Amino acid sequence: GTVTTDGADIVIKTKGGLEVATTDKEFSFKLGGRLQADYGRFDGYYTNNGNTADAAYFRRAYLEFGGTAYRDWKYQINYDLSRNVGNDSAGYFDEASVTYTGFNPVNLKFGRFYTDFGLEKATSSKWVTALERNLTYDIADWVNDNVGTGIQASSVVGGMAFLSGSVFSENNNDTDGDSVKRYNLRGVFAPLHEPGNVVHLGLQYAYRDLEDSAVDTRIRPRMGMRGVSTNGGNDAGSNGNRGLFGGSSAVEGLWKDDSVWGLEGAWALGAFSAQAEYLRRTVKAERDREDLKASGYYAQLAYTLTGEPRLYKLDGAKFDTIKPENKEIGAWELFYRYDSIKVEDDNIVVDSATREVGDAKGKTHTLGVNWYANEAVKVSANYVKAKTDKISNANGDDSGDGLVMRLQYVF
Amino acid sequence: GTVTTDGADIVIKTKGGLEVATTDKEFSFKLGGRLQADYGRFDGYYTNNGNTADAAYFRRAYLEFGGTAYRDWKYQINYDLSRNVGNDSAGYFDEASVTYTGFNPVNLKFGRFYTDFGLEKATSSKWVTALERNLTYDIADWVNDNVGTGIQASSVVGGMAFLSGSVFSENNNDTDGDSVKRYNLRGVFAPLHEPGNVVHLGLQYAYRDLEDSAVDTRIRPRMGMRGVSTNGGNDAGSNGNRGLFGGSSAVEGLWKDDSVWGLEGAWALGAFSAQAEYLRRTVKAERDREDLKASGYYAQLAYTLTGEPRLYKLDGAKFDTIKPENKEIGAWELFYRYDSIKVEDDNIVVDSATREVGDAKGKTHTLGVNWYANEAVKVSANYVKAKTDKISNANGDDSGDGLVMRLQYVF
Amino acid sequence: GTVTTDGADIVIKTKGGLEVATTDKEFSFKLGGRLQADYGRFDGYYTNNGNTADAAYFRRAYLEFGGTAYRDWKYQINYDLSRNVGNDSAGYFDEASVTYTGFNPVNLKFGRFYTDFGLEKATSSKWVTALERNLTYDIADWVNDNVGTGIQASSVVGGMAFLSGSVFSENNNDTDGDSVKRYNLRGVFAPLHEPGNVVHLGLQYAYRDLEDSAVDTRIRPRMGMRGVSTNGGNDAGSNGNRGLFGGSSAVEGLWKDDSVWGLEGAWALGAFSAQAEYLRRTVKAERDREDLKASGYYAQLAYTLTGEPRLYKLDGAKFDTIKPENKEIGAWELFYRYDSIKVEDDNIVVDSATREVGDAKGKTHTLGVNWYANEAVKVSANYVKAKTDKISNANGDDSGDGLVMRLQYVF
Ligand SMILES: CCCCCCCCOCCOCCOCCOCCO
Ligand SMILES: CCCCCCCCOCCOCCOCCOCCO
Ligand SMILES: CCCCCCCCOCCOCCOCCOCCO
Ligand SMILES: CCCCCCCCOCCOCCOCCOCCO
Ligand SMILES: [Ca+2]
Ligand SMILES: [Ca+2]
Ligand SMILES: [Ca+2]
Ligand SMILES: [Cl-]
């Protein structure tokens, strides 16, 4: 039989998922998703006793529902079946947003989404080069999380720049049950913004007033290995070392406010790219207590051996996918990332078996390969070496090694 | 390329979601949903200390899958990603049902669905005029909840009336682990049943035998502000006052049975509509205990400034959507609702800090505006004023104010 | 309007769900699901006091997403909304897998799937003849569960046989946080493998090293009645007897290893089929403790009164659906299953109120009828009679009776 429509002409597409769209741009629907299956093995600092643990789990398992109605109104609902983002009271959302669009070039986004701070975070988790995002997000995780609901405005400006800003109602309350309000700004100058020709300078700022609020400020980096503690399958369990670098449990009235500044750069030329982000955080303490300070950076270099550039999008100021040219071979990509963090918490005044008085430091070397078999499937492996200072596992190790592999299917 | 089918002719449709159906009425599939993002601020009675709290949350985030097979067999599975209906044992279902239509005009529905009691409850939550349903459902929660599994028969009768009835296995057990069985009946005479031309008179009854059964009978109305306590994001937390009007926790053998009678009326002429429901509840006590009695009503006036009538459907005896006439400006609707409830629990014999001996009373005034931007998008604001008698917050407040806004997207 | 595509020609299908596929076999998407609504009533051994309990619940409520990309890469994501498989840490997955078929006839499967042990488990839960799978799986539930992540290879061999093997990272850890590794093998010789013409002989083996691991080894068969303890609705709650036949809670260091051997057969002559499985399990104990041993079998006879054979698939070595010949009548099927299990746990050295020293035994007789209304809808009733030895409920009953009905809708 035939397949017709009552309304405007429709075009349908499938690469394993589904797209249906009217040709007049008025209405559309997209059903997609991503599955990331990880297996990692790790030892030393990463585990409590320093022996090898493992983790087999889905890093992400999203079902993704998006569409357009009446040209200017869009929605996106991405739900994480692996339970690695969200919780069972707010919901396991990667995203639940509505966007208008009508004030083009200015876009207005409402709902649950990650606030815009950082190039690596802006980049789709399908296409982040490394298997895990950088260490600096571990020391300031509120700046670009989606743990709340808000409103964002964004615009490409003068065809060479991108600006975003939001107010976000966090799921942290003050003593009156009034939510902590988070403010974000991000501005990117990107005078070259094509795949294989990117020059990117970004500045970003986040602020929240913490007065009379109960907020968890414990900084507990996994140090580049997800499997020390993760949902989606299994992890190192009771032998996983997720060490406390500094900060406190959610006790009301410990802090005044929390501020983060970030500077970022990226340069892409053909198959080569370099990117780096630096951030500085200060949590101002209340009455007699000491401030919590944290800073860090990462630098990443990447090279597609098969020649294809990483996609770049000025709208969002973010990298994206690699589309393989050779349909049999696929695309092959090598990368290296260096990460370095420092946490200052002078509230820590006595030594322990795992924490020495002074600044906790962490650094990682990540070396990896991505095989893009095609636009649906990506197979990856990362070697990670961690080194810490003034923090260790219970065994006294200040270094650890890990190897993680991932099978990714997107539709 | 071409798009064809190997069965009967298919028609496809998208307005943000997806519909695929054979033109012989034999098979169909519909994927849709609804996202309701709320932000509320509220004080006085609504909070424990009387100060202003807020709540940013999804009221609902449904993914909706429905279809038809072999003409006469329908299914509908609606899942709440916002976690506001259901739980993590029974499932977060808005609906999971199978309908057989072969005995048309009689329909048979099986599974998890809300039992049919009340016009406002029968009305789709997409199209309920106010941001929250009326206070009388707070005093008789069980009469129209979906907290169980059952069988329902319903029919339009003589083109002028609607009847439904169900037996429902509640998720409440007696001492033998046998489920409380819930019985529902509803009958509506609607001699006029078209948009802008409605005369609706309804009677409804609900009964359950509670002998040796553990059932939560606590009546804890939110008093017209969802944000005092809700899933889907954040709420007033430890400062949210959800006051106990009466009733008891789930203990086996406190009660003999539970009966509810309801009367309802609705009238529409063009863009104006009025609707009202009254209910009376008695829970018969065992032993030397006193009965639990509750009664209440609401009345709602609504008017579409732009002239469009509310849709009305005789099948279900329910109001429905407003379709905007003007594609540029959309439709604008004003409404007022008055709610009034009374709870009599003579088991309460001593005063407490928030509850006086005697009948607890609550009334609200709700004033609101809906902008239907188009058939996908509705933006709303409600102002709510509450007044209680013999119940207060910890601050001794018996009045509260709230302002709540919603962005809704349906597909 | 028209419906077109910009890639290869597409065929779309709906029977309540959706399929979309390119005619060159390169890309496809399939959205489907299954809803199984059960109502059971049961007494005697099945309940703690021997009185009648009930259970109204969804046995399964899967949404099913599957597809193909670039010909050789397949995914399948099945999520259980009824909460009866998986958990809220690993996810409620029936399946989350990627299959590479490039090495055809050898298929490679990655992710979360049931390990391949047993004909009745290989059979889709849509088409399992009885409402609940056999008792032998209750005594060795790890051999074919999906509580972990792994890799499986499988192949039809020489047009007359099927072989599968896997390694599976279990969600059980040793003291180092290294997962218990499960190994499976299954081989089936099926020289006749067509509907109504089946001769099936299979051998299967499962092994896991449990050294220094914490694993729940409690054997707690429901004895043929799901309703004693289930998610998806309601169950017998505090009056549900799920008796402990033997084994221990997850204490690290109790066991050395766990081995299961299985033998199976199936025979089909037109509308008649017979199938049986036998298994034996030994959990070797550490240090001064006694081994846990379990063994059992089931035998099932099935006959389609209306004449249609059960489908059989050599790829997977499994039975499948019945496709009704009479559009009006549908298909009618009768079956009888006998199940018999024995659990030997010599660590039990003193009598209790519910358990006598010696081998715990259980046997069931299941008699049932299936009405396949059409290919989407199946209505079922099973009568179950249980008999136990050396184990009872608190009332002292060693026999129980149950009647369960199901409405199933598949799309
Ligand atoms: C101190 C300011 C805090 C404000 C935080 C608000 C976060 C709540 O976001 C929920 C979104 O719902 C808002 C509803 O308004 C929709 C308006 O849409 C109009 C589009 O043209
Ligand atoms: C000796 C009489 C025992 C029977 C007492 C039960 C009377 C009440 O019956 C209510 C049955 O509830 C039906 C619930 O079924 C819901 C599941 O729907 C799926 C149908 O297979
Ligand atoms: C192709 C990328 C790998 C990621 C796929 C996710 C599946 C994770 O499963 C973990 C595999 O565990 C197997 C480890 O077992 C160790 C012994 O292996 C012996 C195999 O004969
Ligand atoms: C034609 C197909 C070949 C079938 C061979 C399969 C044989 C394995 O079946 C497993 C069932 O074993 C049951 C053994 O239990 C013994 C029954 O004792 C009853 C004595 O009266
Ligand atoms: Ca029950
Ligand atoms: Ca709040
Ligand atoms: Ca592990
Ligand atoms: Cl879910």
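Residues numbered from 1 in each chain as written, not as in the entry; some residues may be left out. Chains lettered and ligands numbered in written order. Heavy atoms only, no water.

If you check the header, you'll see the entry was determined by X-ray crystallography and the resolution is listed as 1.94 Å.

Asker: Which parts of the structure should I look at to understand the overall build of chain A?
Answerer: For chain A, the count of helices and strands is 1 helix and 21 strands. Computed over C-alpha atoms, the radius of gyration of chain A comes to 22 Å, within 12% of the 22 Å expected from 2.2 N^0.38 for 411 residues, which places it in the range of a compact globule. If one aligns the C-alpha atoms of chain A with their principal axes, the spans along those axes are about 75 × 50 × 40 Å. For chain A, with 411 residues in total, the buried portion stands at 58%. (Helix = DSSP H or I, 4+ residues; strand = E, 2+ residues; numbered from the N terminus. Rg over C-alpha atoms; globule rule 2.2 N^0.38 Å. Buried < 20%, exposed > 50% of the residue type's maximum accessible area, 1.4 Å probe, protein only.)

Asker: Help me understand the relation of the copies chain A and chain C in this model?
Answerer: In this structure, two copies of a chain are linked by a rotation about an axis accompanied by a shift along it. The two copies are related by a screw operation: chain A maps onto chain C through 120° of rotation and 0.1 Å of translation along the axis, at an RMSD of 0.1 Å. Taken together, these values place the two copies in the relation of a three-fold axis. Every residue of chain A has its C-alpha some distance from the rotation axis, and the shortest such distance is that of A:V3, at 3.5 Å. (Least-squares fit on C-alpha atoms.)

Asker: Any chance you could explain the coordination of the calcium ion (ligand 6) here in plain terms?
Answerer: Octahedral metals with six donors have ideal donor angles of 90 or 180 degrees. Tetrahedral metals with four donors have an ideal donor angle of 109.5 degrees. Ligation of the calcium ion (ligand 6) by protein atoms is provided by A:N173 (OD1), A:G177 (O), B:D54 (O), B:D54 (OD), B:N234 (OD1) and B:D235 (O), these donors lying 2.7 to 2.9 Å from the ion. Because the angles between the 6 donor atoms bound to the calcium ion (ligand 6) fall within 68 to 169°, the donor set is best described as irregular. Of the two residues, A:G177 sits in the loop between β10 (161-173) and β11 (179-194) while B:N234 sits in the loop between β12 (197-209) and β13 (255-269), which places them in two different chains. Look at B:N234 and you get buried, because its relative accessible area is 5%. (Donors = N, O, S within 2.8 Å, 3.2 Å for Na, K, Ca; no water. Tetrahedral: all angles 85-135°; square planar, octahedral: opposite > 155°, others 65-115°.)

Asker: What is the right way to read the coordination of the calcium ion (ligand 7) from this model?
Answerer: At this site the calcium ion (ligand 7) is bound by A:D54 (O), A:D54 (OD), A:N234 (OD1), A:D235 (O), C:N173 (OD1) and C:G177 (O), with donor distances of 2.6 to 2.9 Å. Given 6 donor atoms and angles of 68 to 167° at the metal, the environment of the calcium ion (ligand 7) is assigned as irregular.

Asker: Before we go on, may I ask you to explain the site of ligand 3 in this structure?
Answerer: Around ligand 3, a shell composed of A:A37, A:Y39, C:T149, C:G150, C:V167, C:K181 and C:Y183 is seen. More than one chain approaches ligand 3, the contributing ones being chains A and C. Out of a free accessible area of 620 Å², ligand 3 has 69% covered by protein chains. Breaking the shell around ligand 3 down by element, the ones donating at least two residues are β4 (28-42) of chain A together with β9 (148-157) and β11 (179-194) of chain C. Considered class by class, the residues forming the shell around ligand 3 number 4 nonpolar, 2 polar and 1 charged. (Near = heavy atom within 4 Å. Areas by Shrake-Rupley, 256 points an atom, 1.4 Å probe, with all protein chains shown as cover. Nonpolar A, V, L, I, M, F, W, Y, C, P; charged D, E, K, R; others polar.)

Asker: What am I meant to see in the site of ligand 4 here?
Answerer: All names here are of chain C. Neighbouring ligand 4 are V199, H200, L201, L263, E264, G265, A266, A276, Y278 and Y297. Calculation on ligand 4 without its partners gives an accessible area of 630 Å², and the protein chains cover 45% of this total. If you list the elements that add at least two residues to the shell around ligand 4, you get β12 (197-209), β13 (255-269) and β14 (272-285). Looking at side-chain class alone, the shell around ligand 4 contains 7 nonpolar, 2 polar and 1 charged residues.

Asker: Help me understand a nonpolar patch on the surface, please; the structure alone is not making it clear to me.
Answerer: All names here are of chain A. Judged by side-chain polarity, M160, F189, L201, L203, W261, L263, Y278 and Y297 come together as a nonpolar surface patch covering roughly 780 Å² of accessible area. Looking at the nonpolar patch, the elements with two or more residues in it are β12 (197-209) and β13 (255-269). Structurally, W261 is set in strand β13. The exposure class assigned to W261 is partly exposed, which follows from its relative accessible area of 41%. (Patch = residues over 30% accessible without salt bridge, like charges linked within 9 Å, V, L, I, M, F, W, Y side chains within 5 Å. Salt bridge = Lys/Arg side-chain N within 4 Å of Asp/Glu carboxyl O.)

Asker: So what exactly am I meant to see when it comes to the interface of chain B and chain C here?
Answerer: Accessible area lost upon the coming together of the parts serves often as the stated size of an interface. At the junction of the two partners, chain B supplies 50 residues and chain C supplies 52 residues. When chain B packs against chain C, close to 4000 Å² is buried across both sides, 60% of that on carbon and sulfur atoms. Where chain B meets chain C, there are 4 salt bridges. In this structure, the salt-bridge partner of C:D54 is B:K181, at a minimum N-O distance of 3.0 Å. For the pair chain B and chain C, the interface holds 26 residue pairs in polar contact. A class-by-class count of the residues in the side of chain B that touches chain C yields 21 nonpolar, 19 polar and 10 charged. As judged from the 2 bridges shared by strand β1 (residues 3-4) of chain B and strand β2 (residues 10-13) of chain C, these two strands associate in the parallel manner. (Contact = heavy atoms within 4.5 Å. Buried area = accessible area lost by both parts, 1.4 Å probe. Polar contact = N/O pair within 3.5 Å; in protein donor to acceptor, adjacent residues only side chain to side chain. Pairing = 2+ DSSP bridges.)

Asker: Whenever I open this one, the side chain of C:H193 confuses me. Can you help?
Answerer: Residues and elements named next belong to chain C. Relative to the helices and strands, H193 is located in strand β11. For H193, a relative accessible area of 19% puts it in the buried group. At 3.0 Å, the side chain of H193 forms a polar contact with the backbone oxygen of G159. Leaving out residues up to four positions away in the same chain, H193 has contacts with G159, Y312 and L314.

Asker: I would appreciate a short explanation of the pairing of β13(B) in the present structure.
Answerer: For a regular strand, side chains alternate in direction, first toward one face of the sheet and then toward the other. All names here are of chain B. Here β12 pairs with β13 via 13 bridges, running antiparallel. Pairing of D209 across the sheet is with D257, part of β13. Hairpin connection of β13 to strand β14 (residues 272-285): 2 residues between the antiparallel strands, including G270 at a positive phi of 55°.

Asker: I'm lost on the interface of chain A and chain C in this one. Help?
Answerer: Taken together, the contact between chain A and chain C spans 52 residues of the former and 50 residues of the latter. Buried area between chain A and chain C, both sides added, is near 4000 Å², and the carbon and sulfur share of it is 60%. Our enumeration of links across chain A and chain C arrives at 27 residue pairs in polar contact. When residues of the side of chain A that touches chain C are traced back to their parent elements, those giving at least two are β1 (3-5), β2 (10-13), β4, β5 (53-69) and β21 (399-410) of chain A.

Asker: What is the right way to read the nonpolar core from this model?
Answerer: Generally speaking, nonpolar side chains in soluble globular proteins are found buried as a group. By size, the foremost hydrophobic cluster in this structure holds 93 residues, and its most contacted members are A:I12, A:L31, A:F65, B:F65 and C:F65. Sequence-distant contacts of A:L31, that is, excluding residues within four places in its chain, are made with A:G17, A:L18, A:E64, A:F65, A:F411, B:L31, C:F29, C:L31 and C:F65. (Core = buried A, V, L, I, M, F, W, Y, C linked by side-chain atoms within 4.5 Å.)

Asker: How should the pattern of salt bridges be read in this particular structure?
Answerer: Two side chains that carry opposite charge are able to pair once their charged atoms sit near each other. Enumeration over the complete set of coordinates arrives at 81 salt bridges over all chains. A salt bridge links C:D6 to A:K13, with the shortest nitrogen-to-oxygen separation between them at 3.7 Å. Here A:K13 lies in strand β2 and C:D6 lies in the loop between β1 (3-4) and β2, a pairing that spans two chains. Judged by relative accessible area, which is 35%, A:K13 ranks as partly exposed.

Asker: Please explain the environment of B:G358 as it appears in this structure.
Answerer: Of note, B:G358 is situated in the loop between β18 (331-345) and β19 (360-372). In this structure, the C-alpha to C-alpha distance between B:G358 and B:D389, residues 31 residues apart in sequence, is 9.4 Å.

Asker: Even after reading the chapter, I still don't get the pairing of strand β20 (residues 377-389) of chain B, so can you show me in this structure?
Answerer: Residue and element names in this part refer to chain B. Bridge count between β19 and β20: 12 bridges; the pairing is antiparallel. Looking across to β20, one finds that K363 is bridged to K387. Counted along the chain from β19 to the antiparallel partner β20, the turn is 4 residues long. Pairing between β20 and strand β21 (residues 399-410): 11 bridges, direction antiparallel. Each residue of the ladder has a partner; that of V377, found in β21, is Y409.

Asker: What is the right way to read the packing of aromatic side chains from this model?
Answerer: The relative placement of two aromatic rings is captured by the distance of their centres and the angle of their planes. Under the counting rule described, the total for this entry stands at 49 aromatic pairs over all chains. Plain terms: the ring middles of A:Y297 and A:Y338 are 5.9 Å apart, the flat faces sit at 55° to each other, and that makes the pair tilted. Placement of the pair is A:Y297 in strand β15 (residues 292-304) and A:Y338 in strand β18 (residues 331-345), with a sequence separation of 41 residues. Residue A:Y297 is classed as partly exposed on the basis of its relative accessible area, which comes to 36%. Taken together, a centroid distance of 5.3 Å and an interplanar angle of 75° make the contact between B:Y312 and B:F319 edge-to-face. Take B:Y312: its relative accessible area is 5%, and that puts it in the buried class. Take B:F319: its relative accessible area is 0%, and that puts it in the buried class. Each residue in the set B:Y79, B:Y92, B:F93 and C:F58 is aromatic and connected to the rest through ring pairs, giving one cluster. The ring centre of B:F319 lies 3.9 Å from the NZ or CZ of B:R310, which sits over that ring. (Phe/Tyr/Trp six-rings, centres within 6.5 Å; stacked < 30°, edge-to-face > 60°. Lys NZ or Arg CZ within 6 Å of the ring centre and 35° of its normal.)

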